[PDB]
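Peer 1: Quick one: this structure, given as structure tokens, is what I'll be asking you about.
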Amino acid sequence: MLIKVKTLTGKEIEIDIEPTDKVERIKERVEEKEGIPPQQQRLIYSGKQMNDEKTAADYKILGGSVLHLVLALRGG
Amino acid sequence: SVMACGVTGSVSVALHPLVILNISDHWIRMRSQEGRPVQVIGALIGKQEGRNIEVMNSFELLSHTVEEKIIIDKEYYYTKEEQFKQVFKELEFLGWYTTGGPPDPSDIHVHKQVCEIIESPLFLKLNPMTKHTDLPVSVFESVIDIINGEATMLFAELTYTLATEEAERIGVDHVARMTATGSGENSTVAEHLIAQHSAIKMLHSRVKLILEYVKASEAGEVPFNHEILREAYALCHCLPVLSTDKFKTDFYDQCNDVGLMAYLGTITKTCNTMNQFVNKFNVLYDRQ
Amino acid sequence: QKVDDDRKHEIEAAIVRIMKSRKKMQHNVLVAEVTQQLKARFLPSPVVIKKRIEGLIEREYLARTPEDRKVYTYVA
Amino acid sequence: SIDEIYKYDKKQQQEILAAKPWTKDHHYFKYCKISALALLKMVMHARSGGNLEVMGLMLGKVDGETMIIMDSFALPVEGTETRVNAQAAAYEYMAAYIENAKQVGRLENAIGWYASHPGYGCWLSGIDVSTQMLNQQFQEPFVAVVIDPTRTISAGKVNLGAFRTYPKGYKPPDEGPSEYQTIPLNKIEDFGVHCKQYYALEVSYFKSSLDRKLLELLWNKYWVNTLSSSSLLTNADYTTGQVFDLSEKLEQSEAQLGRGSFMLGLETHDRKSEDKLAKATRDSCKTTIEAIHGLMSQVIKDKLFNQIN
Ligand SMILES: [Zn+2]
């Protein structure tokens, strides 16, 4: 399935996601599109902050799921 | 009776304005959300050095009323304890706070759930519906007393002090100034004169205490308090601080400078009013 | 390989330290001001703090114009 | 109603966020209302930072052309931002705190960010402008607040500014008082490069129960030494710079009026000239009334103390 995480780019970047994959792999996928290390990245979905070791299927994320995570910036 | 009689404070508690500020915000929002002034419950954090306790910060806690008792989400408190660890490690948990009047048979239930967490928790209660000029904040400690053969936990009032850093003093002082003068110069000298009015009330209260002591000593008390009386005499000797030509000259100099500045400001306001009037006057009858 | 690894870690520490201070410099005022703001001096080794800010000229964030050093793009 | 501002209307906020009136005008947001709690917390954080810059997030809401602020909170900065930006484990504590506030009540969401400039004034640097431009592209309703703990002590009054950036390519109108500020030589170049890429909001309060309590308490507690001389305005710096700015603005208005007197039929020029004169007059009046209040307090207290009897 493809999910449209609202990565900070002005649009919802669509990425390849499998239900079994851990949600921490989603953080790396966004960094491949942006450049934010997963430590500063904070996945948030449906108003609740997503976990790290929990799988995506446990959150019932489908192909129409629009995510809104809070990443970071490149200060110094 | 949940209050201990004849028990004196064993530790010194230092409170900061931020703690009082957090309690006020917590009570206001809960009142706004749920009508009546719903009681709030939070936690106290800070630094403790032996018997000296300094409460520097305070956060809010989750409360669940089941079976007509307050159950604090200690797991939420534990979740928040590591949350505040990530930002500040020097601050340690010290106690919990609440809002209300005299202690009720629900705060003892709350306090015992805070006593099982840490060794010695502190209890603070704020009264948002007070009417006196005194601070409606009191700090109580946990004491075990044998009442009717049964160990009953009681609350002993602590003679806490008010700790504040130069920065907090200056920042809150600017807060006071922002209320004294309104955004659009509203209530200009209302709170200004009231501030000096309260300072003069404090000084007058000190003076009346001294005068009452002197009058009592004239009839009874100690005939001669030695140090106190001699020092009060020397202190009135400073009531007429008294000056010379140079100090009066400098005072009149500063007064004249500020008066000239005030005259310039009045001239600026008057010329702005004149400009507005001329702008309208070029409109109603005049052309071009 | 010892001196290669020895130089590898000290240049890595050199860049990490300077981006923390992160101020604009004319040619020589901050490159000496950053050294006194470290833990144990002499570790900086100025020979590397000059050629790696000169190695930073290929990109932005103190692009460090080559001749008249003054355009230190202070925007990132 | 003093406490009316504390009422949160979620649907009304959603309606405003769906309407997006700020897209119709880049000068839409003109006022910044800050709660006493917010101000205190921010100033305390800035001064604990000492001579080092700190930052945080502001929680609040919007109301017409006004942005409101209520809360603020530190983010784990292990090793003083050893990574990119002052975030590290940022939304870790942030999102937890946010869910925790939806749990304990606080429902006001992110309205902006605050940053500290210890001893170098309130303005936006190049880095600050890039940061705020990004914030104005994702969380459109965002405000860059800058504080100054060292000037807070020097001048006495808290040095605080609220700012919003202009979009890339967009030019500000001629109208612009631009108060003068002392900027150190190591910062003045960057200041000058970016000073026209943003504008300053009018920062105002509204009293409140939070104010009433806090103010009264600390005031009495520490002001027993009510003297503090009586004129912390004695330092030329602030007053002198303000008067210089006033003079510059009025002289610019005169130069404009002199050139506009030749053009017959330019109403916009008259409009901006009148507005600039009026702004100059109110600034002068506020300075004058502050000085008058200082003199009043000085006179009353000095007369009471010196020759009461
Ligand atoms: Zn800045």
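If you check the header, you will see the structure was determined by electron microscopy, 4.2 Å.
Just so you know, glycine gets a Cβ as well, placed from its N, Cα and C.
Found this in Swiss-Prot, in case it helps:
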- A:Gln40: (Microbial infection) Deamidated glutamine (MOD_RES)
- A:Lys48: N6-acetyllysine (MOD_RES)
- A:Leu8: site 'Interaction with UBE1C' (SITE)
- A:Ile44: site 'Interaction with UBE1C' (SITE)
Peer 1: Could you give the Cα-Cα distance between the residue listed as '(Microbial infection) Deamidated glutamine' and A:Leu8 (site 'Interaction with UBE1C'), in whole Å?
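Peer 2: The separation of the Cα atoms works out to 13 Å.
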Peer 1: Measuring Cα to Cα, tell me the gap between A:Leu8 (site 'Interaction with UBE1C') and A:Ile44 (site 'Interaction with UBE1C') in whole angstrom.
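Peer 2: On Cα coordinates alone, these residues lie 13 Å apart.
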Peer 1: Inside 10 Å of the Cβ of A:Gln40 ((Microbial infection) Deamidated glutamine), count up the other Cβ atoms and send me the figure.
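Peer 2: Excluding its own Cβ, A:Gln40 ((Microbial infection) Deamidated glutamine) sees 22 Cβ atoms within 10 Å.
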Peer 1: Around A:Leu8 (site 'Interaction with UBE1C'), how many other C-beta atoms are within 10 angstroms of its C-beta?
Peer 2: 20
Peer 1: For each of A:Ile44, A:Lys48, count the other CB atoms within 10 A of its CB; which of these recorded positions has the top count?
Peer 2: A:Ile44
Peer 1: Looking only at DSSP and grouping its letters into three states, which state does A:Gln40 ((Microbial infection) Deamidated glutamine) belong to?
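Peer 2: The residue in question, A:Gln40 ((Microbial infection) Deamidated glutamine), is coil (DSSP, three-state).
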Peer 1: Which of the three DSSP-derived classes (helix, strand, coil) applies to the residue listed as 'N6-acetyllysine'?
Peer 2: strand
